[PDB]
């Protein structure tokens, strides 16, 4: 139907239950201070930890030399690799926020490990990157981009990917002790949160549903971005049909007159504006232009599609560019709307690439995971952010039969635009903050997803688990 298209991410509490050999701990250079208690925990856990301070700006070849040297020193083998690189939240010189030096550096490390021939599993540790539930806010949406790319690294380099572990936003000694139980490989899990309560593991489950509430006001203006694209046009047609009186349509610098005349027939007065929403000044201009007789009621943010590459084949600047196209405008919209604080609703269009990952989608998953993380941050006054992670819509490029036929054979059926927009309305109307909408035949998907890499993300979803074995 489409009520069977709703999924969400849940964090399953794990039952209460050592480490050995050489562990390389990769720390960003000017961050040596922290790590001290990281090596103490690993040592105390019974590992022999070696710190490897790197320049996050550094070349892949420099890092591979550094790793090969460290691997030569251990006799040619090491038991694991623990990256603290995500902790580097500093700005990168070539690139706007939210891309950080830690984002680039982590990618560089995945590549450089293979250049140095380190066969040991890589574990990437974040803090404040995921929300396990109600009271647990995301404090570093930028570190969630490592989770997005990391799930993709798991599928692309399954023999050398250990996992992802998120420490409490601040993170104390009892938390680093539980970290070491995860590194020991006893949990069977590879996407783990460490909380005051114990360990939690990531699961995609059904989010099935009768009291809606309005998420836009007829007298307010609703902004739709990337309106030159078919998804965004249909959304605006739907809002007019449903009774929205005022539409502001943004288009990405090179639809237009036809669409405006059409929406007037459907009942809305729409105006069209063009500017680079990755430029905060222009985003600020856009918002200030909304009439005070019709204040901003809701924003539908549809960032441009981007091209993907395997992780081995991309580089830190390409990754950074894709993060910018998917996430920087949303960063600014969230900030300026926060700074103007009824909360408008800010609806981000994310992607199943950020939820479960796909080979070739590394960069796309990083940027789109930043959207899903914005939705998990506390906002004292608004805007109320919803991130919806979509599977591809009919007509869209990836449904092209080449890669399109691949998706279909993995059991992903392109979404009809009408049905998808009704699913969007049900979610916003039901108060959803983070939901996945996707039409998935799990009997094809779950075997195709686990063919190279075992995992447990779908363990608690019946149609998928029944298509699997332990």
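Residue numbers count along the first chain shown, from 1.
**OP:** Would you mind checking whether any residues of the deposited sequence sit unmodelled between residue 17 and residue 18, and how many (none, 1 to 3, 4 to 9, 10 or more)?
**Re:** Per the record, 4 to 9 deposited residues are absent between residue 17 and residue 18.
Subject >> Deposited residues omitted from coordinates between residue 196 and residue 197, as a class >> reply: Missing in between: none.
Subject >> Per the entry, higher mean C-alpha B factor between 27-35 and 427-435 >> reply: The recorded data point to 27-35.
**OP:** Check the entry's C-alpha temperature factors for 77-85 and 367-375, then say which stretch has the higher mean.
**Re:** The recorded data point to 77-85.
Original post:
Between 188, 141, 220, 382, which carries the biggest CA temperature factor in the record?
Top reply: Among 188, 141, 220, 382, the PDB entry lists the largest C-alpha B-factor for 382.
Subject >> Per the PDB entry, maximal CA B factor within 355, 261, 72, 183 >> reply: Highest C-alpha B-factor among the listed residues goes to 72.
Original post:
Against its chain's modelled residues, does residue 348's Cα B factor rank lowest, middle or highest third?
Top reply: Residue 348: CA B-factor falls in the lowest third of its chain.
Original post:
So where's residue 467 on the chain's Cα temperature factor ranking, which third?
Top reply: It belongs to the middle third of the chain when residues are ordered by C-alpha B-factor.
Subject >> Entry-reported Cα temperature factor of residue 131, expressed as the chain third it lands in >> reply: For residue 131, the deposited C-alpha B-factor lands in the lowest third.
**OP:** Name the third of the chain's ranked CA B-factors that contains residue 173, choosing lowest, middle or highest.
**Re:** Within its chain, residue 173 is a highest-third residue by C-alpha B-factor, going by the deposited values.
Subject >> CA B-factor ranking of residue 166, expressed as a third of its chain >> reply: Its C-alpha B-factor, which the entry lists for residue 166, ranks in the lowest third among residues of this chain.
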